[PDB]
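Just the one chain here, the form deposited in one PDB entry, laid out as structure tokens.
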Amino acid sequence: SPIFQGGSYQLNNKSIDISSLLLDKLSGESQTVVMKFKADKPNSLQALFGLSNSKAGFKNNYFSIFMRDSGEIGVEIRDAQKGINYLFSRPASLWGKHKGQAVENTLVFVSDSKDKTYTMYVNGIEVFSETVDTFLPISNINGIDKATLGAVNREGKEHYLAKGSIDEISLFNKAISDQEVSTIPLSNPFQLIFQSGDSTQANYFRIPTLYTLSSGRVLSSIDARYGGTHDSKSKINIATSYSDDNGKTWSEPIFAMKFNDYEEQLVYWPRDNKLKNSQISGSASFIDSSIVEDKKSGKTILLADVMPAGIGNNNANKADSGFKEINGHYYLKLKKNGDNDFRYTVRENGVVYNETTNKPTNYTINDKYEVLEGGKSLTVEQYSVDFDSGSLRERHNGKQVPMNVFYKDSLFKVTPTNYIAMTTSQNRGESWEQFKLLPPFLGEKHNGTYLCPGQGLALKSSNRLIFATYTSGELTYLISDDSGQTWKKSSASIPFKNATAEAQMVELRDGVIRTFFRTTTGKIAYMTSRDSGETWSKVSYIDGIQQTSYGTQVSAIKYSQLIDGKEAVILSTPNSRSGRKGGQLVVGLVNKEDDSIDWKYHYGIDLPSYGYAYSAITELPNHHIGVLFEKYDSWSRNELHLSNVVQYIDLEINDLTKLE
């Protein structure tokens, strides 16, 4: 039932005129275009499809579907006599190549006069949906007389010439419904694990992790980010999902760590330049998770940073751990409403103690960090957010929730600094315990170290668990030998002031750990422990891979099979000095003479100019590699607040080992 349909069009910098097939068939004020297309070597800006007034003097009368070589997709809708110049677009909307082949993107653009709405979907993902006061039907642009593929005809000349191919293009004289859109067959090279409108109700995701458990279950954790893609301060929860079939399907997400001071709301965070720094500023949050499995207990263990209400990296108190040390014991300090200082601590059995009178009060803190008085739950009122008034407002919403010491409205509040929490699961990610704060590791006058997102390390020959953390001047490895019950630190100095030194570890051979880490120098650095993490070498650098000056998280595994008869390490990282893009897997072979690594093969995840930021990698039970990664430039200010860009792909070793 499409009014029009064609395919196998090659776009070789030369437009194709389809006026006579299509213009008499455009009818009514609602259209849907479906286009299956490849573009592995796009020009930097190019039109896929144009409808225009091609006459002299009317060069601003046209509709276009366009793309950029950054993977942005968009439309223009312009009519100079109506005074309308609409431009809707979204960065990071496309695939270029996957496993050495051009990906067939499936684009669906709906121009709906009844709802006065334009909506674009690419690869089954809605990338923008905009309602306007004055609707411009694409067939009502004054004086339209050309339909073009691979350019726009303006005043009789080609503009926005494209390189690529349109395998299939269909047009309907209807705005097809959301549900109809979901039945169009896709040829996606990826899938989604977490996604907008799923059970987390977060419209944004960042910071993916992956870990293959001994049962063969693959577990994933992620920041479910509510206030757009911003780091804390914000509302962010830690959500998890697992796959029992080698990553073919994933479970509905659950929370590993969550706060209820603010509602879980699916919000379209504004992307206009004036409002995109809107940031939820009154919520507690979690940020940056890391997962490991314990062979001893069989438990799965998840750590994350915890931010009290309104706190994030740049306002956290850098000179307070938030605990009071009492002879080898650390007690969580509290400040009561109205006091100017912290006159309280939480003792054994959650008893809240007045440090001034050395006497217990009638308040206790339960296992959820909620405030009890004489055994009874105190509540606060929950907040929601809205942009109804034109800017961000955070406001009480009439619902009551348990009063928590991390919350803005609590009677008793923790130190405004960052913490590290842990949770565990006894059933491999089907549910999670209530979180517990880890102790402070660097004394009373030092904020928490920052958890390195991704995987912890479980040593092959012992029961030792290691989580990498970073702080100013050092990596701080957190080490447990009793299933997470107690912890010590091993500090390893690094020659950096204030670096975001995100680090991931591989066990090269028994008791030998190599840690790769992000720096401020444009190179990925590494250091080595030969005593299962007790002590660490000086720092060296990998030449051969580039990052930007500010750096990006790198994920790393030791592969279980030999490759070219040698043991192998796989790294995942952008490889570019310009931005977070040019994503690669790099396969290094270990030289058994000295534990040095020859980086030998680099696989491009997609085009050098397409987004690739934080990433997670794991060897699947069947020896494929699972990659869950941010497919966008998560540093760029133009790419903030994008939905469904954290995506999962499956690769085999033979995919990686061309080329050298």
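Position 1 is the first residue in the sequence shown; the rest follow in order.
On average, which has the higher Cα B-factor in the deposited entry, 133 to 141 or 280 to 288? Higher mean C-alpha B-factor in the PDB entry: 133 to 141.
Average Cα temperature factor in the PDB entry - higher stretch of 122 to 130, 361 to 369: According to the PDB entry, the answer is 361 to 369.
With respect to the C-alpha temperature factors reported in the PDB entry, which of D198, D244, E430, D115 ranks highest? Most elevated C-alpha B-factor of the set, per the entry: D115.
Pick out which of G150, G96, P440, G374 has the highest C-alpha B-factor in the PDB entry. Answer, based on the entry's C-alpha B-factors: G374.
Pull the Cα B-factor of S54 out of the PDB entry and bin it into the chain's lowest, middle or highest third. Its C-alpha B-factor belongs to the highest third of this chain's values.
Is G390 in the lowest, middle or highest third of its chain when residues are ranked by C-alpha B-factor? For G390, whose C-alpha B-factor we compare with every modelled residue in the chain, the answer is the highest third.
Chain thirds of CA B-factor: placement of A162: Middle third of the chain for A162's C-alpha B-factor.
Hey, what third does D650 fall into on Cα B-factor, ranked over its chain? According to the entry, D650 has a C-alpha B-factor in the chain's lowest third.
Chain-wide C-alpha B factor ranking for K36, given as lowest, middle or highest third: According to the entry, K36 has a C-alpha B-factor in the chain's middle third.
Not pictured, yet referred to below: the form deposited with a small molecule bound.
Go through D167, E474, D79, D231 and name the one with a heavy atom inside 4.5 Å of the small molecule in the bound PDB entry. In short, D231.
Looking at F128, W536, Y450, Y160, which is the one with a non-hydrogen atom within 4.5 Å of the small molecule in the bound PDB entry? Among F128, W536, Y450, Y160, a heavy atom within 4.5 Å of the small molecule in the bound PDB entry occurs only for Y450.
Is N313 part of the interface with the small molecule in the bound PDB entry - any heavy atom within 4.5 Å? Answer yes; at least one heavy atom of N313 falls within 4.5 Å of the small molecule in the bound PDB entry.
Any chance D261 has a heavy atom within 4.5 Å of the small molecule in the bound PDB entry? Output for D261 is no: heavy atoms all beyond 4.5 Å of the small molecule.
Does any part of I287 reach within 4.5 Å of the small molecule in the bound PDB entry? Heavy atoms only, please. Output for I287 is yes: heavy atoms within 4.5 Å of the small molecule.
Find out whether any non-hydrogen atom of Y614 is located within 4.5 angstroms of the small molecule in the bound PDB entry, and reply yes or no. Contact with the small molecule, yes.
One stretch from 32 to 40, 627 to 635, 45 to 53, 58 to 66 that, in the bound PDB entry, holds residues within 4.5 Å of the small molecule by heavy atom: Looking at the partner contacts, the answer comes out as 627 to 635.
Heavy atom of each of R206, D305 and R580 within 4.5 Å of the small molecule in the bound PDB entry: Each of the three qualifies.
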